[PDB]
file data-v7.pdb (PDB, C-alpha atoms)
ATOM      1  CA  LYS A   1     -22.002  -5.249  -9.103  1.00  0.00           C
ATOM      2  CA  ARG A   2     -23.619  -7.288  -6.293  1.00  0.00           C
ATOM      3  CA  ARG A   3     -25.563  -7.177  -3.026  1.00  0.00           C
ATOM      4  CA  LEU A   4     -23.638  -8.008   0.145  1.00  0.00           C
ATOM      5  CA  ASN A   5     -24.888  -9.786   3.269  1.00  0.00           C
ATOM      6  CA  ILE A   6     -22.563  -8.413   5.966  1.00  0.00           C
ATOM      7  CA  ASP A   7     -23.920  -7.230   9.331  1.00  0.00           C
ATOM      8  CA  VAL A   8     -23.522  -3.562  10.297  1.00  0.00           C
ATOM      9  CA  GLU A   9     -25.323  -2.304  13.401  1.00  0.00           C
ATOM     10  CA  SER A  10     -23.659   1.027  14.306  1.00  0.00           C
ATOM     11  CA  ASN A  11     -21.227   3.371  12.557  1.00  0.00           C
ATOM     12  CA  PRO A  12     -18.566   1.011  11.142  1.00  0.00           C
ATOM     13  CA  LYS A  13     -14.998   1.610   9.996  1.00  0.00           C
ATOM     14  CA  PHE A  14     -13.832   0.751   6.478  1.00  0.00           C
ATOM     15  CA  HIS A  15     -10.230   0.476   5.313  1.00  0.00           C
ATOM     16  CA  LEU A  16      -8.697  -0.149   1.887  1.00  0.00           C
ATOM     17  CA  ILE A  17      -5.605  -2.267   1.234  1.00  0.00           C
ATOM     18  CA  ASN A  18      -3.733  -2.197  -2.088  1.00  0.00           C
ATOM     19  CA  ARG A  19      -0.797  -4.558  -2.658  1.00  0.00           C
ATOM     20  CA  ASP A  20      -0.843  -5.392  -6.380  1.00  0.00           C
ATOM     21  CA  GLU A  21      -3.217  -6.086  -9.280  1.00  0.00           C
ATOM     22  CA  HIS A  22      -4.500  -9.202  -7.462  1.00  0.00           C
ATOM     23  CA  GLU A  23      -4.655  -8.168  -3.765  1.00  0.00           C
ATOM     24  CA  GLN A  24      -7.390  -5.610  -3.038  1.00  0.00           C
ATOM     25  CA  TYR A  25     -10.116  -5.739  -0.390  1.00  0.00           C
ATOM     26  CA  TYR A  26     -11.896  -3.981   2.479  1.00  0.00           C
ATOM     27  CA  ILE A  27     -11.743  -4.603   6.231  1.00  0.00           C
ATOM     28  CA  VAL A  28     -14.810  -4.032   8.415  1.00  0.00           C
ATOM     29  CA  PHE A  29     -14.843  -3.322  12.166  1.00  0.00           C
ATOM     30  CA  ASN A  30     -18.503  -3.382  13.197  1.00  0.00           C
ATOM     31  CA  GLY A  31     -17.552  -3.250  16.876  1.00  0.00           C
ATOM     32  CA  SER A  32     -17.475  -6.889  17.942  1.00  0.00           C
ATOM     33  CA  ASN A  33     -16.064  -8.861  14.970  1.00  0.00           C
ATOM     34  CA  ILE A  34     -13.850  -8.705  11.879  1.00  0.00           C
ATOM     35  CA  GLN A  35     -15.093  -9.230   8.317  1.00  0.00           C
ATOM     36  CA  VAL A  36     -13.325  -9.038   4.954  1.00  0.00           C
ATOM     37  CA  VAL A  37     -14.972  -8.302   1.593  1.00  0.00           C
ATOM     38  CA  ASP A  38     -13.390  -8.307  -1.864  1.00  0.00           C
ATOM     39  CA  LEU A  39     -14.046  -5.629  -4.505  1.00  0.00           C
ATOM     40  CA  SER A  40     -16.379  -7.859  -6.533  1.00  0.00           C
ATOM     41  CA  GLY A  41     -18.766  -9.264  -3.913  1.00  0.00           C
ATOM     42  CA  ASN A  42     -16.978 -12.346  -2.608  1.00  0.00           C
ATOM     43  CA  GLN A  43     -16.572 -12.751   1.154  1.00  0.00           C
ATOM     44  CA  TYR A  44     -13.853 -14.612   3.068  1.00  0.00           C
ATOM     45  CA  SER A  45     -13.600 -15.971   6.609  1.00  0.00           C
ATOM     46  CA  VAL A  46     -11.449 -15.051   9.610  1.00  0.00           C
ATOM     47  CA  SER A  47     -10.254 -17.542  12.232  1.00  0.00           C
ATOM     48  CA  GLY A  48      -9.026 -16.645  15.702  1.00  0.00           C
ATOM     49  CA  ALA A  49     -10.101 -15.010  18.947  1.00  0.00           C
TER      50      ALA A  49
ATOM     51  CA  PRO B   1       2.642   2.987   4.256  1.00  0.00           C
ATOM     52  CA  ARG B   2       1.508   3.198   0.630  1.00  0.00           C
ATOM     53  CA  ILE B   3       3.392  -0.076  -0.096  1.00  0.00           C
ATOM     54  CA  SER B   4       5.946   0.107  -2.900  1.00  0.00           C
ATOM     55  CA  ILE B   5       8.363  -2.108  -4.837  1.00  0.00           C
ATOM     56  CA  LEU B   6      11.510  -0.648  -6.377  1.00  0.00           C
ATOM     57  CA  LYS B   7      11.642  -1.033 -10.151  1.00  0.00           C
ATOM     58  CA  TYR B   8      13.994   1.558 -11.668  1.00  0.00           C
ATOM     59  CA  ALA B   9      17.185   3.396 -10.728  1.00  0.00           C
ATOM     60  CA  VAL B  10      18.046   6.703 -12.402  1.00  0.00           C
ATOM     61  CA  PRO B  11      21.071   8.973 -11.857  1.00  0.00           C
ATOM     62  CA  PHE B  12      20.297  12.673 -12.059  1.00  0.00           C
ATOM     63  CA  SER B  13      21.858  15.975 -10.977  1.00  0.00           C
ATOM     64  CA  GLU B  14      24.775  14.491  -9.032  1.00  0.00           C
ATOM     65  CA  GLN B  15      22.427  12.147  -7.164  1.00  0.00           C
ATOM     66  CA  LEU B  16      20.815   8.725  -7.490  1.00  0.00           C
ATOM     67  CA  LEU B  17      17.043   8.228  -7.501  1.00  0.00           C
ATOM     68  CA  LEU B  18      14.959   5.089  -6.965  1.00  0.00           C
ATOM     69  CA  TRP B  19      11.469   5.081  -8.478  1.00  0.00           C
ATOM     70  CA  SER B  20       8.548   2.944  -7.345  1.00  0.00           C
ATOM     71  CA  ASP B  21       5.015   3.085  -8.741  1.00  0.00           C
ATOM     72  CA  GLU B  22       3.781   5.642  -6.163  1.00  0.00           C
ATOM     73  CA  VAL B  23       6.791   7.206  -4.372  1.00  0.00           C
ATOM     74  CA  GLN B  24      10.294   8.388  -5.261  1.00  0.00           C
ATOM     75  CA  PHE B  25      13.306   8.058  -2.962  1.00  0.00           C
ATOM     76  CA  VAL B  26      16.619   9.902  -2.696  1.00  0.00           C
ATOM     77  CA  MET B  27      19.801   8.184  -1.513  1.00  0.00           C
ATOM     78  CA  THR B  28      22.634  10.023   0.226  1.00  0.00           C
ATOM     79  CA  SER B  29      25.307   9.605   2.886  1.00  0.00           C
ATOM     80  CA  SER B  30      26.771  11.512   5.822  1.00  0.00           C
ATOM     81  CA  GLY B  31      30.444  11.128   4.938  1.00  0.00           C
ATOM     82  CA  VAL B  32      32.327   8.084   3.694  1.00  0.00           C
ATOM     83  CA  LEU B  33      29.737   5.587   2.488  1.00  0.00           C
ATOM     84  CA  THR B  34      29.587   2.630   4.878  1.00  0.00           C
ATOM     85  CA  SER B  35      26.962   0.257   6.225  1.00  0.00           C
ATOM     86  CA  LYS B  36      26.347   2.645   9.147  1.00  0.00           C
ATOM     87  CA  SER B  37      26.069   6.023   7.371  1.00  0.00           C
ATOM     88  CA  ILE B  38      23.534   5.504   4.564  1.00  0.00           C
ATOM     89  CA  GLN B  39      20.187   7.308   4.391  1.00  0.00           C
ATOM     90  CA  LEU B  40      16.986   7.042   2.338  1.00  0.00           C
ATOM     91  CA  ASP B  41      14.269   9.712   2.236  1.00  0.00           C
ATOM     92  CA  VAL B  42      11.004  10.508   0.447  1.00  0.00           C
ATOM     93  CA  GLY B  43      11.100  13.158  -2.261  1.00  0.00           C
ATOM     94  CA  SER B  44       7.880  13.204  -4.291  1.00  0.00           C
ATOM     95  CA  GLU B  45       4.415  11.692  -4.601  1.00  0.00           C
ATOM     96  CA  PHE B  46       3.729  11.424  -8.343  1.00  0.00           C
ATOM     97  CA  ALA B  47       2.521   8.383 -10.320  1.00  0.00           C
ATOM     98  CA  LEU B  48       3.876   6.486 -13.312  1.00  0.00           C
ATOM     99  CA  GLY B  49       3.687   3.239 -15.256  1.00  0.00           C
TER     100      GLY B  49
END
call {"tool": "encode", "arguments": {"input": "data-v7.pdb", "output": "structure tokens"}}
result
Amino acid sequence: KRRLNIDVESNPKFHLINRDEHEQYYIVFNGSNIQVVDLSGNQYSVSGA
Amino acid sequence: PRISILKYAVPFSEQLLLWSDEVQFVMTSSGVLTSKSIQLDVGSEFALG
């Protein structure tokens, strides 16, 4: 499908969320940040502290 | 936790059943049906369209 460009240093945690036929993605906890990746390559941004 | 939206209601075997796309619920009461004595529980974990 595609090659990602996320940053993973140590053992991360992945989690799947399924709402409907248009809301599906992963959540990544590398240890010091939060990142969200779709199921087709696209990446979104997270705002906050 | 699996996230579900109710779509169909079916009466069966002196009971009423509510069917989502991943779980099935059973509705009952603990006496005269009021707003304070109504219960919903999980009965099965099949799948359907």
call {"tool": "residues_around", "arguments": {"input": "data-v7.pdb", "residues": "range 38-48 of chain B", "least_positions_apart": "5", "cutoff": "10 Å", "atoms": "all atoms listed in the file", "output": "PyMOL selection string"}}
result
chain B and resi 17-33
call {"tool": "write_last_selection", "arguments": {"input": "data-v7.pdb", "atoms": "C-alpha atoms", "output": "mmCIF file, in the coordinates of the input"}}
result
data_model
loop_
_atom_site.group_PDB
_atom_site.id
_atom_site.type_symbol
_atom_site.label_atom_id
_atom_site.label_comp_id
_atom_site.auth_asym_id
_atom_site.auth_seq_id
_atom_site.Cartn_x
_atom_site.Cartn_y
_atom_site.Cartn_z
ATOM 1 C CA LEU B 17 17.043 8.228 -7.501
ATOM 2 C CA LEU B 18 14.959 5.089 -6.965
ATOM 3 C CA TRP B 19 11.469 5.081 -8.478
ATOM 4 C CA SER B 20 8.548 2.944 -7.345
ATOM 5 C CA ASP B 21 5.015 3.085 -8.741
ATOM 6 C CA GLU B 22 3.781 5.642 -6.163
ATOM 7 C CA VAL B 23 6.791 7.206 -4.372
ATOM 8 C CA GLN B 24 10.294 8.388 -5.261
ATOM 9 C CA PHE B 25 13.306 8.058 -2.962
ATOM 10 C CA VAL B 26 16.619 9.902 -2.696
ATOM 11 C CA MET B 27 19.801 8.184 -1.513
ATOM 12 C CA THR B 28 22.634 10.023 0.226
ATOM 13 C CA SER B 29 25.307 9.605 2.886
ATOM 14 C CA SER B 30 26.771 11.512 5.822
ATOM 15 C CA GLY B 31 30.444 11.128 4.938
ATOM 16 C CA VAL B 32 32.327 8.084 3.694
ATOM 17 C CA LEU B 33 29.737 5.587 2.488
#
call {"tool": "interface_residues", "arguments": {"input": "data-v7.pdb", "of": "chain B", "to": "chain A", "cutoff": "9 Å", "atoms": "all atoms listed in the file", "output": "list in words"}}
result
residues 2, 3 and 4 of chain B
call {"tool": "atom_distance", "arguments": {"input": "data-v7.pdb", "atom1": "CA of residue 6 in chain B", "atom2": "CA of residue 16 in chain A"}}
result
21.8 Å
call {"tool": "resolve_selection", "arguments": {"input": "data-v7.pdb", "expression": "the PyMOL selection byres ((chain A and resi 30-34) around 6)", "output": "ChimeraX atom specification"}}
result
/A:8,12,28-29,35
call {"tool": "atom_distance", "arguments": {"input": "data-v7.pdb", "atom1": "CA of residue 21 in chain A", "atom2": "CA of residue 11 in chain B"}}
result
28.7 Å
call {"tool": "residues_around", "arguments": {"input": "data-v7.pdb", "residues": "residue 45 in chain A", "least_positions_apart": "2", "cutoff": "8 Å", "atoms": "all atoms listed in the file", "output": "PyMOL selection string"}}
result
chain A and resi 35-36+43+47
call {"tool": "residues_around", "arguments": {"input": "data-v7.pdb", "residues": "residue 42 in chain A", "least_positions_apart": "2", "cutoff": "12 Å", "atoms": "all atoms listed in the file", "output": "number ranges by chain"}}
result
A: 1-6, 24-26, 35-40, 44-45
call {"tool": "atom_distance", "arguments": {"input": "data-v7.pdb", "atom1": "CA of residue 7 in chain B", "atom2": "CA of residue 27 in chain A"}}
result
28.8 Å
call {"tool": "axis_aligned_box", "arguments": {"input": "data-v7.pdb", "around": "range 23-34 of chain B", "padding_each_side": "3 Å", "output": "JSON"}}
result
{"center_x": 19.6, "center_y": 7.1, "center_z": 0.3, "size_x": 31.5, "size_y": 14.9, "size_z": 17.1}
call {"tool": "decode", "arguments": {"input": "data-v7.pdb", "residues": "range 15-40 of chain A", "atoms": "N, CA, C and O atoms", "output": "CSV table (one decimal), in the first residue's frame"}}
result
chain,number,residue,atom,x,y,z
A,15,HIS,N,-3.3,0.6,18.5
A,15,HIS,CA,-4.7,0.4,18.9
A,15,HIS,C,-5.6,0.7,17.7
A,15,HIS,O,-5.4,1.6,16.9
A,16,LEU,N,-6.6,-0.2,17.5
A,16,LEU,CA,-7.5,0.0,16.3
A,16,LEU,C,-8.9,0.5,16.8
A,16,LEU,O,-9.4,0.1,17.8
A,17,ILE,N,-9.4,1.4,16.0
A,17,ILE,CA,-10.7,2.0,16.3
A,17,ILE,C,-11.6,1.8,15.1
A,17,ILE,O,-11.2,2.2,14.0
A,18,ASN,N,-12.8,1.3,15.3
A,18,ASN,CA,-13.8,1.0,14.2
A,18,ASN,C,-15.1,1.6,14.6
A,18,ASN,O,-15.8,1.2,15.5
A,19,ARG,N,-15.5,2.7,13.9
A,19,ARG,CA,-16.8,3.3,14.1
A,19,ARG,C,-17.8,3.0,13.0
A,19,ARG,O,-18.9,2.5,13.3
A,20,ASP,N,-17.5,3.2,11.7
A,20,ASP,CA,-18.3,2.9,10.6
A,20,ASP,C,-17.4,2.6,9.4
A,20,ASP,O,-16.2,2.4,9.5
A,21,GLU,N,-18.0,2.6,8.2
A,21,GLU,CA,-17.3,2.4,6.9
A,21,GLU,C,-16.5,3.6,6.5
A,21,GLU,O,-15.9,3.5,5.4
A,22,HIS,N,-16.4,4.6,7.3
A,22,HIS,CA,-15.6,5.8,6.9
A,22,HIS,C,-14.7,6.3,8.1
A,22,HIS,O,-14.2,7.4,8.0
A,23,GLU,N,-14.7,5.6,9.2
A,23,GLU,CA,-13.9,6.0,10.4
A,23,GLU,C,-13.1,4.8,10.9
A,23,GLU,O,-13.6,4.0,11.7
A,24,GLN,N,-11.9,4.7,10.4
A,24,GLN,CA,-11.0,3.6,10.8
A,24,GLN,C,-9.6,4.1,10.8
A,24,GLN,O,-9.1,4.7,9.8
A,25,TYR,N,-8.8,3.9,11.9
A,25,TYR,CA,-7.4,4.3,12.0
A,25,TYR,C,-6.7,3.7,13.1
A,25,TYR,O,-7.3,2.9,13.9
A,26,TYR,N,-5.4,3.9,13.2
A,26,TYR,CA,-4.6,3.5,14.3
A,26,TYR,C,-4.2,4.6,15.2
A,26,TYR,O,-4.2,5.8,14.8
A,27,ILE,N,-3.8,4.3,16.4
A,27,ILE,CA,-3.3,5.3,17.4
A,27,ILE,C,-1.9,4.8,17.9
A,27,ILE,O,-1.8,3.6,18.3
A,28,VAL,N,-0.9,5.6,17.9
A,28,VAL,CA,0.5,5.2,18.2
A,28,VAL,C,0.9,6.0,19.5
A,28,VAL,O,0.8,7.2,19.6
A,29,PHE,N,1.5,5.2,20.4
A,29,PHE,CA,2.0,5.8,21.7
A,29,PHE,C,3.5,5.4,21.7
A,29,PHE,O,3.8,4.3,22.3
A,30,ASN,N,4.4,6.2,21.1
A,30,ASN,CA,5.8,5.8,21.1
A,30,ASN,C,6.4,6.0,22.5
A,30,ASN,O,7.4,5.3,22.8
A,31,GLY,N,5.8,6.8,23.3
A,31,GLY,CA,6.4,7.0,24.7
A,31,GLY,C,6.5,8.5,25.1
A,31,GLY,O,6.5,8.8,26.3
A,32,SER,N,6.5,9.4,24.1
A,32,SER,CA,6.5,10.8,24.4
A,32,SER,C,5.7,11.6,23.5
A,32,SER,O,5.8,12.9,23.5
A,33,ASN,N,4.7,11.0,22.7
A,33,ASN,CA,4.0,11.8,21.8
A,33,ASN,C,2.8,10.9,21.3
A,33,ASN,O,2.7,9.7,21.7
A,34,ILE,N,1.9,11.5,20.6
A,34,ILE,CA,0.7,10.8,20.0
A,34,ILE,C,0.7,11.1,18.5
A,34,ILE,O,0.8,12.2,18.1
A,35,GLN,N,0.5,10.0,17.8
A,35,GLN,CA,0.4,10.0,16.3
A,35,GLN,C,-0.7,9.2,15.8
A,35,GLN,O,-1.0,8.1,16.4
A,36,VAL,N,-1.4,9.6,14.7
A,36,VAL,CA,-2.6,8.9,14.2
A,36,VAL,C,-2.3,8.7,12.7
A,36,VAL,O,-1.9,9.6,12.0
A,37,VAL,N,-2.6,7.4,12.3
A,37,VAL,CA,-2.3,7.0,10.9
A,37,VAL,C,-3.6,6.3,10.4
A,37,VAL,O,-4.2,5.5,11.1
A,38,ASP,N,-4.0,6.6,9.2
A,38,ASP,CA,-5.2,6.0,8.6
A,38,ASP,C,-4.8,4.6,8.1
A,38,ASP,O,-3.7,4.1,8.3
A,39,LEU,N,-5.7,3.9,7.4
A,39,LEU,CA,-5.5,2.6,6.9
A,39,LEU,C,-5.1,2.6,5.5
A,39,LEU,O,-5.1,1.5,4.8
A,40,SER,N,-4.7,3.7,4.9
A,40,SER,CA,-4.3,3.8,3.5
A,40,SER,C,-3.0,4.6,3.4
A,40,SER,O,-2.6,5.0,2.2
